[PDB]
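Structure file input00.cif (mmCIF, N, CA and C atoms) is printed below.
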```cif
data_upload
#
loop_
_atom_site.label_atom_id
_atom_site.label_comp_id
_atom_site.auth_asym_id
_atom_site.auth_seq_id
_atom_site.Cartn_x
_atom_site.Cartn_y
_atom_site.Cartn_z
N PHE A 12 20.91 12.44 6.50
CA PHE A 12 20.24 12.27 5.16
C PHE A 12 19.71 10.84 4.99
N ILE A 13 20.60 9.88 5.21
CA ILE A 13 20.24 8.45 5.43
C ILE A 13 19.47 8.36 6.75
N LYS A 14 19.91 9.07 7.80
CA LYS A 14 19.16 9.17 9.08
C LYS A 14 17.72 9.58 8.76
N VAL A 15 17.58 10.62 7.95
CA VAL A 15 16.26 11.25 7.67
C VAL A 15 15.45 10.32 6.76
N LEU A 16 16.10 9.67 5.79
CA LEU A 16 15.46 8.64 4.92
C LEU A 16 14.95 7.47 5.77
N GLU A 17 15.80 6.90 6.63
CA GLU A 17 15.49 5.75 7.52
C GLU A 17 14.35 6.12 8.46
N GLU A 18 14.36 7.33 9.01
CA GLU A 18 13.28 7.78 9.92
C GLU A 18 11.98 7.78 9.13
N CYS A 19 11.97 8.46 7.98
CA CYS A 19 10.78 8.61 7.11
C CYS A 19 10.26 7.24 6.68
N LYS A 20 11.17 6.28 6.47
CA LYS A 20 10.82 4.91 6.00
C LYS A 20 9.95 4.27 7.09
N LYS A 21 10.34 4.41 8.35
CA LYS A 21 9.61 3.81 9.52
C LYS A 21 8.27 4.54 9.78
N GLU A 22 8.31 5.87 9.89
CA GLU A 22 7.12 6.75 10.05
C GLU A 22 6.05 6.46 8.99
N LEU A 23 6.42 6.31 7.70
CA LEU A 23 5.46 6.20 6.56
C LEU A 23 5.27 4.74 6.13
N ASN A 24 6.02 3.81 6.70
CA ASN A 24 5.89 2.35 6.47
C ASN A 24 6.17 2.01 5.00
N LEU A 25 7.27 2.55 4.46
CA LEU A 25 7.72 2.35 3.06
C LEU A 25 8.52 1.06 2.96
N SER A 26 8.40 0.35 1.83
CA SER A 26 9.25 -0.82 1.45
C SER A 26 10.71 -0.39 1.27
N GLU A 27 11.61 -1.36 1.09
CA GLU A 27 13.02 -1.11 0.71
C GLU A 27 13.06 -0.48 -0.69
N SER A 28 12.02 -0.67 -1.49
CA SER A 28 11.96 -0.13 -2.87
C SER A 28 12.16 1.40 -2.88
N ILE A 29 11.84 2.13 -1.80
CA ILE A 29 12.00 3.62 -1.77
C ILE A 29 13.46 3.96 -2.12
N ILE A 30 14.40 3.08 -1.79
CA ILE A 30 15.84 3.25 -2.14
C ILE A 30 15.96 3.19 -3.67
N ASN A 31 15.39 2.14 -4.27
CA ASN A 31 15.36 1.91 -5.73
C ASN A 31 14.77 3.17 -6.36
N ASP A 32 13.67 3.71 -5.83
CA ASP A 32 12.99 4.90 -6.40
C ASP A 32 13.90 6.13 -6.32
N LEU A 33 14.57 6.38 -5.21
CA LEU A 33 15.37 7.62 -5.07
C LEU A 33 16.61 7.53 -5.96
N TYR A 34 17.16 6.33 -6.14
CA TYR A 34 18.28 6.07 -7.08
C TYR A 34 17.81 6.37 -8.52
N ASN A 35 16.63 5.87 -8.87
CA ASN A 35 16.03 6.05 -10.22
C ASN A 35 15.76 7.53 -10.47
N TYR A 36 15.05 8.17 -9.56
CA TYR A 36 14.92 9.65 -9.49
C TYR A 36 16.26 10.31 -9.83
N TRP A 37 17.34 9.90 -9.17
CA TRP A 37 18.62 10.63 -9.29
C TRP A 37 19.21 10.37 -10.68
N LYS A 38 18.95 9.19 -11.25
CA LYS A 38 19.48 8.88 -12.59
C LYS A 38 18.48 9.35 -13.66
N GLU A 39 17.42 10.03 -13.26
CA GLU A 39 16.47 10.75 -14.15
C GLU A 39 15.52 9.77 -14.85
N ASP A 40 15.30 8.57 -14.30
CA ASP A 40 14.17 7.68 -14.69
C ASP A 40 13.03 7.93 -13.70
N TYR A 41 12.00 8.64 -14.15
CA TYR A 41 10.84 9.06 -13.32
C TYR A 41 9.61 8.19 -13.59
N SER A 42 9.68 7.27 -14.56
CA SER A 42 8.49 6.57 -15.10
C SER A 42 7.75 5.84 -13.98
N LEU A 43 8.46 5.30 -13.00
CA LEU A 43 7.83 4.40 -11.99
C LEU A 43 7.73 5.05 -10.60
N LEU A 44 8.02 6.35 -10.47
CA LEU A 44 7.89 7.09 -9.19
C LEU A 44 6.40 7.32 -8.90
N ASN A 45 5.91 6.90 -7.73
CA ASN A 45 4.48 7.01 -7.34
C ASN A 45 4.36 8.08 -6.25
N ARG A 46 3.14 8.37 -5.82
CA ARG A 46 2.80 9.40 -4.82
C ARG A 46 3.67 9.21 -3.56
N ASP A 47 3.84 7.97 -3.10
CA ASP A 47 4.58 7.66 -1.85
C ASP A 47 5.99 8.23 -1.92
N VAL A 48 6.63 8.26 -3.10
CA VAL A 48 7.99 8.85 -3.25
C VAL A 48 7.87 10.33 -2.92
N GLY A 49 6.78 10.96 -3.34
CA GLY A 49 6.44 12.34 -2.96
C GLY A 49 6.33 12.49 -1.45
N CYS A 50 5.58 11.61 -0.79
CA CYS A 50 5.37 11.65 0.69
C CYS A 50 6.74 11.48 1.39
N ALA A 51 7.62 10.61 0.90
CA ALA A 51 8.98 10.43 1.44
C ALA A 51 9.75 11.75 1.40
N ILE A 52 9.60 12.52 0.32
CA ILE A 52 10.39 13.76 0.06
C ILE A 52 9.84 14.89 0.93
N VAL A 53 8.52 14.93 1.13
CA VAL A 53 7.88 15.87 2.10
C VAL A 53 8.45 15.56 3.49
N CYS A 54 8.34 14.31 3.92
CA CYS A 54 8.82 13.82 5.24
C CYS A 54 10.28 14.24 5.45
N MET A 55 11.15 13.98 4.47
CA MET A 55 12.60 14.25 4.59
C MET A 55 12.81 15.77 4.62
N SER A 56 12.08 16.50 3.79
CA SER A 56 12.17 17.98 3.65
C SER A 56 11.86 18.66 5.00
N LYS A 57 10.76 18.25 5.64
CA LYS A 57 10.36 18.74 6.99
C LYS A 57 11.47 18.49 8.01
N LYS A 58 11.98 17.26 8.08
CA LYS A 58 13.03 16.85 9.04
C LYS A 58 14.33 17.62 8.79
N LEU A 59 14.60 18.05 7.56
CA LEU A 59 15.79 18.89 7.25
C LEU A 59 15.40 20.37 7.29
N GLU A 60 14.17 20.68 7.71
CA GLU A 60 13.65 22.07 7.90
C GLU A 60 13.81 22.83 6.59
N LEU A 61 13.53 22.14 5.49
CA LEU A 61 13.58 22.68 4.11
C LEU A 61 12.22 23.30 3.79
N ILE A 62 11.15 22.78 4.40
CA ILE A 62 9.78 23.39 4.41
C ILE A 62 9.61 24.22 5.69
N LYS A 67 5.75 25.74 1.97
CA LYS A 67 6.63 26.67 1.20
C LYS A 67 8.09 26.41 1.58
N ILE A 68 8.96 26.34 0.57
CA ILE A 68 10.41 26.03 0.70
C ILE A 68 11.10 27.20 1.39
N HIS A 69 11.94 26.91 2.39
CA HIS A 69 12.76 27.90 3.14
C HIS A 69 14.08 28.16 2.41
N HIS A 70 14.20 29.33 1.78
CA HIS A 70 15.36 29.77 0.94
C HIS A 70 16.68 29.54 1.69
N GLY A 71 16.82 30.10 2.89
CA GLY A 71 18.06 30.09 3.69
C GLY A 71 18.55 28.69 3.99
N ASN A 72 17.66 27.81 4.47
CA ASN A 72 18.00 26.41 4.85
C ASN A 72 18.30 25.59 3.59
N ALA A 73 17.72 25.94 2.44
CA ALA A 73 18.01 25.32 1.13
C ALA A 73 19.48 25.58 0.77
N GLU A 74 19.89 26.85 0.75
CA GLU A 74 21.30 27.26 0.51
C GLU A 74 22.23 26.53 1.49
N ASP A 75 21.83 26.38 2.75
CA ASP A 75 22.65 25.71 3.80
C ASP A 75 22.86 24.25 3.41
N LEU A 76 21.78 23.50 3.14
CA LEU A 76 21.80 22.07 2.71
C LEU A 76 22.71 21.89 1.50
N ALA A 77 22.67 22.84 0.56
CA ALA A 77 23.41 22.76 -0.73
C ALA A 77 24.91 22.87 -0.44
N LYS A 78 25.31 23.88 0.32
CA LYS A 78 26.71 24.09 0.78
C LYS A 78 27.13 22.88 1.62
N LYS A 79 26.24 22.42 2.50
CA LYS A 79 26.43 21.25 3.40
C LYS A 79 26.78 20.00 2.58
N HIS A 80 26.33 19.94 1.32
CA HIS A 80 26.62 18.86 0.34
C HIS A 80 27.68 19.32 -0.67
N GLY A 81 28.58 20.23 -0.27
CA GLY A 81 29.81 20.57 -1.01
C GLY A 81 29.60 21.57 -2.14
N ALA A 82 28.44 22.24 -2.21
CA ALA A 82 28.19 23.36 -3.14
C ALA A 82 28.92 24.62 -2.66
N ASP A 83 29.66 25.29 -3.55
CA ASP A 83 30.24 26.62 -3.27
C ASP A 83 29.10 27.64 -3.19
N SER A 84 29.43 28.91 -2.91
CA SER A 84 28.49 30.05 -2.77
C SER A 84 27.66 30.21 -4.05
N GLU A 85 28.34 30.30 -5.19
CA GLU A 85 27.75 30.55 -6.54
C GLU A 85 26.77 29.42 -6.89
N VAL A 86 27.21 28.16 -6.80
CA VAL A 86 26.38 27.00 -7.25
C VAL A 86 25.16 26.87 -6.32
N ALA A 87 25.34 26.99 -5.00
CA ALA A 87 24.25 26.91 -3.99
C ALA A 87 23.12 27.88 -4.37
N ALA A 88 23.47 29.12 -4.72
CA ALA A 88 22.52 30.17 -5.15
C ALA A 88 21.79 29.74 -6.42
N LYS A 89 22.49 29.14 -7.40
CA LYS A 89 21.89 28.68 -8.68
C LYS A 89 20.87 27.57 -8.39
N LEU A 90 21.25 26.59 -7.56
CA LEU A 90 20.40 25.44 -7.15
C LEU A 90 19.08 25.94 -6.55
N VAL A 91 19.15 26.83 -5.57
CA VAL A 91 17.95 27.33 -4.83
C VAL A 91 17.12 28.18 -5.80
N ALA A 92 17.77 28.93 -6.70
CA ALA A 92 17.07 29.70 -7.76
C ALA A 92 16.23 28.73 -8.60
N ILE A 93 16.83 27.64 -9.07
CA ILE A 93 16.14 26.59 -9.88
C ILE A 93 15.02 25.96 -9.04
N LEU A 94 15.26 25.68 -7.76
CA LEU A 94 14.26 25.03 -6.87
C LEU A 94 13.06 25.97 -6.70
N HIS A 95 13.30 27.27 -6.53
CA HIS A 95 12.24 28.29 -6.35
C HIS A 95 11.37 28.33 -7.60
N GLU A 96 11.97 28.29 -8.79
CA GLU A 96 11.22 28.45 -10.06
C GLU A 96 10.31 27.24 -10.27
N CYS A 97 10.82 26.05 -9.97
CA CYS A 97 10.06 24.77 -9.94
C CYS A 97 8.87 24.88 -8.97
N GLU A 98 9.13 25.38 -7.76
CA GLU A 98 8.12 25.61 -6.69
C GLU A 98 7.01 26.54 -7.21
N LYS A 99 7.36 27.65 -7.85
CA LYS A 99 6.37 28.57 -8.49
C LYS A 99 5.58 27.80 -9.56
N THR A 100 6.27 27.12 -10.48
CA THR A 100 5.64 26.45 -11.65
C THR A 100 4.55 25.49 -11.16
N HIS A 101 4.82 24.73 -10.09
CA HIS A 101 3.91 23.67 -9.59
C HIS A 101 3.24 24.08 -8.27
N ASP A 102 3.18 25.38 -7.98
CA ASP A 102 2.71 25.90 -6.66
C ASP A 102 1.26 25.46 -6.41
N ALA A 103 0.45 25.33 -7.46
CA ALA A 103 -1.01 25.12 -7.39
C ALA A 103 -1.38 23.64 -7.22
N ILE A 104 -0.42 22.71 -7.15
CA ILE A 104 -0.77 21.27 -6.98
C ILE A 104 -1.37 21.08 -5.58
N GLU A 105 -2.63 20.61 -5.55
CA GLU A 105 -3.41 20.31 -4.32
C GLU A 105 -2.59 19.40 -3.40
N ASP A 106 -2.39 18.16 -3.83
CA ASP A 106 -1.79 17.05 -3.05
C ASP A 106 -0.32 17.41 -2.79
N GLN A 107 0.07 17.62 -1.54
CA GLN A 107 1.42 18.13 -1.18
C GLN A 107 2.47 17.04 -1.42
N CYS A 108 2.06 15.76 -1.45
CA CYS A 108 2.91 14.60 -1.82
C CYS A 108 3.25 14.67 -3.32
N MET A 109 2.24 14.85 -4.18
CA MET A 109 2.41 14.98 -5.65
C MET A 109 3.17 16.27 -5.96
N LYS A 110 2.86 17.35 -5.25
CA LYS A 110 3.55 18.66 -5.40
C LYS A 110 5.06 18.47 -5.20
N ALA A 111 5.46 17.71 -4.18
CA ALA A 111 6.89 17.49 -3.82
C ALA A 111 7.56 16.62 -4.89
N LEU A 112 6.87 15.58 -5.36
CA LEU A 112 7.44 14.70 -6.41
C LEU A 112 7.71 15.55 -7.66
N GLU A 113 6.74 16.36 -8.08
CA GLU A 113 6.84 17.21 -9.29
C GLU A 113 7.96 18.25 -9.10
N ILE A 114 8.00 18.96 -7.98
CA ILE A 114 9.10 19.94 -7.73
C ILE A 114 10.43 19.20 -7.79
N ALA A 115 10.52 18.01 -7.18
CA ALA A 115 11.78 17.23 -7.09
C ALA A 115 12.26 16.85 -8.49
N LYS A 116 11.33 16.48 -9.38
CA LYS A 116 11.63 16.09 -10.79
C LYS A 116 12.04 17.32 -11.61
N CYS A 117 11.28 18.40 -11.50
CA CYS A 117 11.59 19.71 -12.10
C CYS A 117 13.00 20.12 -11.68
N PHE A 118 13.29 20.07 -10.38
CA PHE A 118 14.60 20.42 -9.79
C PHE A 118 15.70 19.56 -10.43
N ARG A 119 15.61 18.24 -10.26
CA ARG A 119 16.66 17.29 -10.71
C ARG A 119 16.93 17.50 -12.20
N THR A 120 15.89 17.67 -13.01
CA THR A 120 16.02 17.80 -14.48
C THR A 120 16.69 19.14 -14.83
N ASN A 121 16.39 20.24 -14.14
CA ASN A 121 16.87 21.60 -14.52
C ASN A 121 18.23 21.94 -13.90
N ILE A 122 18.80 21.09 -13.04
CA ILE A 122 20.14 21.35 -12.43
C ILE A 122 21.21 20.66 -13.28
N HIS A 123 20.87 20.26 -14.51
CA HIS A 123 21.76 19.55 -15.46
C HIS A 123 23.13 20.24 -15.58
N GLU A 124 23.15 21.55 -15.86
CA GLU A 124 24.36 22.29 -16.30
C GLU A 124 25.17 22.76 -15.08
N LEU A 125 25.01 22.09 -13.93
CA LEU A 125 25.63 22.45 -12.63
C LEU A 125 26.40 21.22 -12.10
N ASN A 126 27.62 21.43 -11.61
CA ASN A 126 28.46 20.37 -10.99
C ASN A 126 28.02 20.20 -9.54
N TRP A 127 27.10 19.26 -9.27
CA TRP A 127 26.57 19.01 -7.91
C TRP A 127 25.98 17.59 -7.79
N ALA A 128 26.43 16.83 -6.79
CA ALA A 128 26.05 15.42 -6.53
C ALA A 128 24.78 15.38 -5.68
#
```

When written as structure tokens, how does the structure in this file appear?
Amino acid sequence: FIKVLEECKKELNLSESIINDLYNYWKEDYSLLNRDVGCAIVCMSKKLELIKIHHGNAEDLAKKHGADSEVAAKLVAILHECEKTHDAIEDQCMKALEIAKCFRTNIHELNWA
């Protein structure tokens, strides 16, 4: 995950700030997230074989991060609905940033780090 972040950082030539952005993303401050944060999430998603989003590998990643059967299913359900909502976004970098924000914001009522 750090492996995949570090790889993507070198491939896409991102500053150390991408760390600041993903931390901010996670604490639900989206105001300063730019397209490149989207490109980072596409890059990481591909390397984790999460990419259209792959349902099965999503559930695997979720359990892999300590999600039980029930919560993993809820997470991927929320991720799919976000993916549908923003399916029509041209720019696949912007599409990923928007899905990621939709996802993070709508997983509120779930115990998952």

Exercise. How would you write, as a VMD selection string, the residues chosen by the PyMOL selection byres ((chain A and resi 31-47) around 8) on this structure?
Worked result: chain A and resid 25 to 30 48 to 53 108 to 110 112 115 to 116 119 to 120

Exercise. Neighbours of stretch 15-24 of chain A within 7 Å (only C-alpha atoms; same-chain residues fewer than 4 positions away dropped), as JSON, numbers by chain?
Worked result: {"A": [51, 54, 55, 58]}

Problem set entry | Ground truth for the PyMOL selection byres ((chain A and resi 88-103) around 8), written as an NGL selection string | :A and (68 or 70 or 73-74 or 77-78 or 82-87 or 104-106 or 110-111 or 113-119 or 121-122 or 125)

For this session: Determine which residues of chain A DSSP labels as helix (DSSP H, G or I) from the backbone of this structure, then write them out as a PyMOL selection string.
Result: chain A and resi 13-23+28-37+46-58+70-79+84-100+107-121

For this session: Could you tell me how far atom CA of residue A:56 lies from atom CA of residue A:124, in Å and to one decimal?
Result: 23.8 Å

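Coordinates place atom CA of residue A:12 at a distance of 10.4 Å from atom CA of residue A:80.
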
Listed atoms of stretch 78-92 of chain A, axis-aligned box, 8 Å per side: centre and edge lengths to one decimal in Å, as lines of an AutoDock Vina configuration file?
```
center_x = 23.2
center_y = 24.7
center_z = -2.6
size_x = 30.0
size_y = 27.7
size_z = 28.1
```
